[PDB]
Number of protein chains: 4
Amino acid sequence: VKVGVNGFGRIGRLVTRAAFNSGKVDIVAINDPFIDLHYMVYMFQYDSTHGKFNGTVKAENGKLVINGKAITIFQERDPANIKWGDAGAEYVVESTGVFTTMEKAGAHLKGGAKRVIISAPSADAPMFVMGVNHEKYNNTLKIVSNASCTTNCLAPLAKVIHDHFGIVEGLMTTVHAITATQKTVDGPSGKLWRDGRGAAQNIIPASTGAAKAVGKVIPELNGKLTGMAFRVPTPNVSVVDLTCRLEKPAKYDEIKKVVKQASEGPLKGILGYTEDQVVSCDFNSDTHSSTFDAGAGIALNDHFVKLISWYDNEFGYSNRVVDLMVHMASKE
Amino acid sequence: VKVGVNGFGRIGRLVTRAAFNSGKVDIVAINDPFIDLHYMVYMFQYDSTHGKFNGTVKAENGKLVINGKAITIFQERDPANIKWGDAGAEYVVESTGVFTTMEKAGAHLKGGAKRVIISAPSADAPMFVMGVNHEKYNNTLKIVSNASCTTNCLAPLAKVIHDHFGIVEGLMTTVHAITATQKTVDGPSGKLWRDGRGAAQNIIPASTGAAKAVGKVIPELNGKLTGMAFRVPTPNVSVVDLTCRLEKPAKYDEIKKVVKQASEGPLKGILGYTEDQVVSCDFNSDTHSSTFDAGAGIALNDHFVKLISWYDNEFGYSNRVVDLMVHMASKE
Amino acid sequence: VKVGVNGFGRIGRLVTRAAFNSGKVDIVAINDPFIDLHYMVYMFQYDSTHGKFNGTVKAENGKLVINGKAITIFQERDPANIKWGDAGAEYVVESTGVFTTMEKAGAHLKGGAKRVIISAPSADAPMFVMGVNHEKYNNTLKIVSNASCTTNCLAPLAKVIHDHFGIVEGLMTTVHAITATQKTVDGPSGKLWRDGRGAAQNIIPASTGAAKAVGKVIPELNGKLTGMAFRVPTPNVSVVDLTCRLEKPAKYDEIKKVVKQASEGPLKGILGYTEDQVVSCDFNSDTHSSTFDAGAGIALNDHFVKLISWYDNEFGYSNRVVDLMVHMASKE
Amino acid sequence: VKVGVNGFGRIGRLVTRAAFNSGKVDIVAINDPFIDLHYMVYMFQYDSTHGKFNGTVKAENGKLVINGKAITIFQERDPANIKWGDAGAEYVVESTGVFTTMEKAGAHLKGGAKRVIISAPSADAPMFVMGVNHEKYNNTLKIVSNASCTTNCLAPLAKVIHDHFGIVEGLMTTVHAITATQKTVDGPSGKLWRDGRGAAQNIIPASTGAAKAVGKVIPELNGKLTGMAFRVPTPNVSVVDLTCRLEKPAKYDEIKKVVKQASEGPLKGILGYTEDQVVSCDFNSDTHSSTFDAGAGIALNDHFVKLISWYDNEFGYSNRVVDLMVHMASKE
Ligand SMILES: NC(=O)c1ccc[n+]([C@@H]2O[C@H](COP(=O)([O-])OP(=O)(O)OC[C@H]3O[C@@H](n4cnc5c(N)ncnc54)[C@H](O)[C@@H]3O)[C@@H](O)[C@H]2O)c1
Ligand SMILES: NC(=O)c1ccc[n+]([C@@H]2O[C@H](COP(=O)([O-])OP(=O)(O)OC[C@H]3O[C@@H](n4cnc5c(N)ncnc54)[C@H](O)[C@@H]3O)[C@@H](O)[C@H]2O)c1
Ligand SMILES: NC(=O)c1ccc[n+]([C@@H]2O[C@H](COP(=O)([O-])OP(=O)(O)OC[C@H]3O[C@@H](n4cnc5c(N)ncnc54)[C@H](O)[C@@H]3O)[C@@H](O)[C@H]2O)c1
Ligand SMILES: NC(=O)c1ccc[n+]([C@@H]2O[C@H](COP(=O)([O-])OP(=O)(O)OC[C@H]3O[C@@H](n4cnc5c(N)ncnc54)[C@H](O)[C@@H]3O)[C@@H](O)[C@H]2O)c1
């Protein structure tokens, strides 16, 4: 399937890289009004976090050429003005972060796009996490949401734990790496004052709806999960900490065994499993949505456990966006 | 009371600074075989985390002179060889971290010390947290432990919450700043391989006995609390995240009100309270054991809440060591 | 003298704090259209880098009250619309960074301001560094520039070295801490692509005109100095490295002696001197423009030396802005 | 040639990885008394800086098996006790850092090693930098030194600049990433007190003999070069800043052209060249000894220029150790 990408930030560029790295979808158009073609070459080629791009990238005839494939470049501030149809983009990755509603994402449909995939949590678009509820998608849904990186980490582990033991209630804290929304030094932020404080200097607490959003993709867990986030001075990798009351008794070894069986089975490539003394850098550029950390977690008793899951919030989420597009194209 | 300090690391130096800043105890002797007198002057004077020492510090006649008070300096590897009695040190702050047992800490008693206060968790010495169980101390206990920084953060909040609502069970994660035991780059560590990975680069998971140690100082909570730690790339401030099942129903406002009343009452100066958009740097050089973060925490229902508490793991713990010594001297 | 402050960023807030800390000038008005009064209270009160503000700050009757002194707050995007005269602000600290020309800074003069002090390098406003050329100011200059933090570091040391030995030619590199213009992660920047790369992750090279701007305030050094900058992952403190060919022979001890004599004399409080094993955190919240690091620097021969000078690029520059205003008020 | 490796730290492990990545030499024995076989598996497999090891690594029958090649493991504190000859190690990479003299490195010769390559600067062993003076090696030198990472960065650029223009005198500052010798928090260091201060918190000044060591490998530059270092809070990549007086006039374009021609010619793979807006992360895992940064550097006039060169102080130096061993084996 041919894919257009709206926005060339972390999510847009890394979705493009995942498309080229795996070859699963073909990027044909990119829209970003604030990044010119040559600046796009520079930003795609050099990445502080994930290294230099393997393969080639250059500007030719007003087009971005990645691995010999010319990509049409648009500079539009309004999505409706983008000529997705002329470039042949059937799907569009809405990755700017400011068009995360059905009506705002349908502006891409006006521009010739057949379907729109929002790479952020959406207030009203149907939300899918690969390996959790993606089979609930059907070819009548024009606009979908891939949820968040944190949601794509929590939802598979929560699905496994609820399926085998039953989550009566769970509380989540994610220790999250620095993102583009933060400030290098103490500065103004609209209403989230803590996010305005210097990111390298601080442990910063944040509200996140990812744990509650797990209730959308796992309806039986609706209202049983919520949590918060502490932003910390790390570039890329984040970790999920889920503390939950289990309906059925579960020794920690039983949870480990069930999660390992899930990681080796239907959730392979989505839910990871490890028993090594892993740290955050060990999952940089990892493509899993969630890697269960067996040794990091701890249990108080048979019904109250604390579960740890790592996730590259950049690479894994982009690969999941690509996989969602592949599944939607398969269901055409 | 006159105090000797064994070890001149973070804990020893900051305990000395707290002694001089508040004037509550008199430091008269310091033992450290790896730090000479002039190096001691340098390390006490300049602090990356807490700034330069207000007041004066210089070497005179083989003695460390802080604010005009001469301090005898010993360079001994074996605590029994230290002449605490000749210097007049009635109390000794065992802050090296490698003499955290009753028999090892009694070597200071051999050297003329009347009492020994271990500034680390102890396997067998009686353990006290200020504001939680310190009134259980009596003048017949020669060797005591001040627990850990994390324990001194968790125990007061846990005491308040258990007293008013009852903690059926709680799980703790502390997001902890970098400490001296970590490595700048990936390097060898004896058995804790994760602690060997570069501290600035990683979110690092760690086992900690602080939550279980809260059961020592609050016996009714024994076996009902445990947890883990994630070390992160920050210099000083750490935060406690307590997720607990409450015996009695508690709206989040009720918990806030109870904790604020405790912070304004018997636990004043020990348990802090704030409703501001605080980040970690806002508690650097703070002397509280635990400052409740009202806005950071979240509740799922009336019986399952996630509570957030900040703590300067260096300054607060040192001030608590000083306060424990003051209380013990009062109970002489 | 009564001072208005345009912009409430790092420079504006720290200039306000320096005004209140030293009591040398009276802040009466602050203009910032993007930061409301209560957000101004928060941002002034809590500082990640310099700690919490000693003293009180709260909102009263639409005014910012710092240490009991009410400050009028304006929310204007155009400087000409600001009613500086009604608030009584004789001087204005133009600290936004986007009004650094005579014509743009005169909009404040339209609003009732008697004089305007630009806290950034200016293309055409007369430029002054305290202790270097500030006596060249006269009461006929309505609009002046305080140069940059880097210029205020280099110019006093360069003045001393040129006066005593003669700088045939010098090249400067400043290792500079992270500032507000950088990005937490790799992101778009207009034309300076390197400044768009993640600040915590990288050593980042940058062009700076500070060394050439030293030629403005020391005319004999015009065209003899230039340099560059490497931005690094540190919050506050920066260091200047000056490599220069000396007209007259100078042993390193002679340079040390001359610089120490200057630091103890006419440049006291402006040019610092130390022979201690200082690191960057040892100058956090330091108010000097430049502290000579005797041990850090090295000489190749009697005519080719590398000189090292530390500077808190936030605190020192703000205190120099305050001192420039005090001198201008004295020359009224 | 078959290679033994003494020490399994950053240098030893990365030299092993470079040996396996390029296949140029065969690692057959590793000695490290502080790292057991399974800990060696862990430390080799997971790298925070350079990512996970591509290929396989596991413990089999008391041996480290990297890519199916069994490596004999020794746990000896004294080099003379190591049985290099039994394992068949013809060359030994002395990478511990504490056997950097001819007599100390000859203990490996006692253990059956034919030749010893010290991966640190040596006081008396002959010193070689690839592309600078390595052709001065001959098969009669049993013990050699590969100099330092900084020396391997400076020497090729200095060689090119001196050959084409002539370096009358140069001063060097390297902005260097954090290394294993530093401390996470303020702590004791033997005599280098600044290196004891927290590495993540500070810009730290350091003495380095690399610029003077360039005079060893380029005799015509002896006594004409020296410099210093500022350690900064970055994990891996370092940059060299060379400020030099040129004997012959050189426009900056001429220097750029000469350096680019050298990078494309005899120094290919050793001296890099780029004109992109590179930052430090753009050279992580780069194998060049020195990549000239054309845009970063600046000139004051035709005889006084400041030249910038990046270098991965870990990967590049290890690859140069491998290349030196390959050249020595070719000259057998
Ligand atoms: N990086 C993560 O960890 C992560 C993971 C999952 C989801 N997300 C979410 O995805 C969204 C994208 O964030 P990012 O991580 O890509 O960072 P980012 O801020 O680098 O990307 C934003 C890019 O969008 C472009 N843009 C802005 N307005 C536009 C417009 N009107 N039309 C077109 N292009 C426009 C800008 O050029 C900018 O480069 C955010 O909302 C983030 O919350 C982030
Ligand atoms: N910094 C914190 O956050 C914190 C808080 C509470 C408790 N603690 C615990 O307290 C202990 C002290 O740690 P720190 O934080 O002071 O760091 P640190 O490692 O700087 O202090 C150790 C100091 O002890 C000295 N020393 C070593 N062996 C000695 C001996 N045999 N006799 C005398 N002196 C000796 C060394 O010179 C070193 O400077 C650790 O076990 C730490 O776990 C740390
Ligand atoms: N921090 C340093 O190291 C330092 C030192 C000396 C000089 N400077 C220079 O001073 C300038 C100020 O930078 P800062 O360091 O204060 O950081 P900063 O970016 O925090 O400050 C900018 C503030 O100005 C306000 N502002 C923006 N547009 C405005 C407008 N049109 N009218 C009024 N207010 C407006 C914003 O609210 C923002 O908070 C920059 O150009 C910087 O280069 C910085
Ligand atoms: N990493 C760099 O940037 C770099 C580059 C070039 C040269 N160097 C130099 O190379 C030397 C090695 O440093 P590293 O960077 O490998 O870091 P490192 O400190 O991780 O390596 C040291 C290793 O040597 C082992 N070791 C210690 N004593 C030993 C002994 N007696 N016998 C055998 N093995 C022993 C220890 O297990 C440790 O893991 C240092 O002197 C460093 O200055 C470093």
# chains A, B, ... in the order shown; residues from 1 in each chain; ligands from 1

$ residues_near_ligand --ligand "ligand 2" --cutoff "6 Å" --atoms "only C-alpha atoms and all ligand atoms" --output "JSON, numbers by chain"
{"B": [6, 7, 8, 9, 10, 11, 12, 31, 32, 33, 34, 35, 77, 95, 96, 97, 119, 120, 148, 149, 179, 180, 313, 314, 317], "D": [187, 188]}

$ select_by_dssp --residues "range 8-239 of chain C" --states "helix (DSSP H, G or I)" --output "MDAnalysis selection string"
chainID C and resid 10:22 37:45 79:81 84:87 102:110 134:136 149:164 193:196 210:217 219:221

$ select_by_dssp --residues "range 217-317 of chain D" --states "strand (DSSP E)" --output "PyMOL selection string"
chain D and resi 225-231+237-246+271-274+290-301+304-312

$ interface_residues --of "chain A" --to "chain C" --cutoff "9 Å" --atoms "only C-alpha atoms" --output "PyMOL selection string"
chain A and resi 9-10+34-35+39+42-43+47-49+178-191+193+197-202+233-236

$ atom_distance --atom1 "CA of residue 257 in chain D" --atom2 "CA of residue 275 in chain D"
11.2 Å

$ closest_residue --among "C:167, C:237, C:29, C:213" --to "ligand 3" --atoms "only C-alpha atoms and all ligand atoms"
C:237

$ residues_around --residues "residue 22 in chain B" --least-positions-apart "2" --cutoff "12 Å" --atoms "only C-alpha atoms" --output "list in words"
residues 14, 15, 16, 17, 18, 19, 20, 24, 25, 26, 27, 287, 318, 319, 320, 322, 323 and 326 of chain B

$ write_last_selection --atoms "C-alpha atoms" --output "PDB file, in the first residue's frame"
ATOM      1  CA  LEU B  14      26.386  16.065  54.271  1.00  0.00           C
ATOM      2  CA  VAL B  15      25.785  14.939  57.859  1.00  0.00           C
ATOM      3  CA  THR B  16      28.673  17.211  58.841  1.00  0.00           C
ATOM      4  CA  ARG B  17      27.158  20.077  56.848  1.00  0.00           C
ATOM      5  CA  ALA B  18      23.741  19.506  58.436  1.00  0.00           C
ATOM      6  CA  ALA B  19      25.399  19.525  61.860  1.00  0.00           C
ATOM      7  CA  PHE B  20      27.018  22.882  61.138  1.00  0.00           C
ATOM      8  CA  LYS B  24      22.111  20.973  66.655  1.00  0.00           C
ATOM      9  CA  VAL B  25      25.160  18.742  67.242  1.00  0.00           C
ATOM     10  CA  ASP B  26      28.906  19.373  67.405  1.00  0.00           C
ATOM     11  CA  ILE B  27      31.188  17.457  65.047  1.00  0.00           C
ATOM     12  CA  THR B 287      15.493  18.902  54.489  1.00  0.00           C
ATOM     13  CA  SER B 318      21.484  13.663  56.751  1.00  0.00           C
ATOM     14  CA  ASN B 319      19.184  16.037  58.626  1.00  0.00           C
ATOM     15  CA  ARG B 320      17.296  13.002  59.940  1.00  0.00           C
ATOM     16  CA  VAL B 322      21.260  14.749  62.992  1.00  0.00           C
ATOM     17  CA  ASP B 323      17.733  14.799  64.436  1.00  0.00           C
ATOM     18  CA  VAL B 326      19.585  15.064  68.991  1.00  0.00           C
TER      19      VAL B 326
END

$ atom_distance --atom1 "CA of residue 155 in chain A" --atom2 "CA of residue 246 in chain A"
15.9 Å
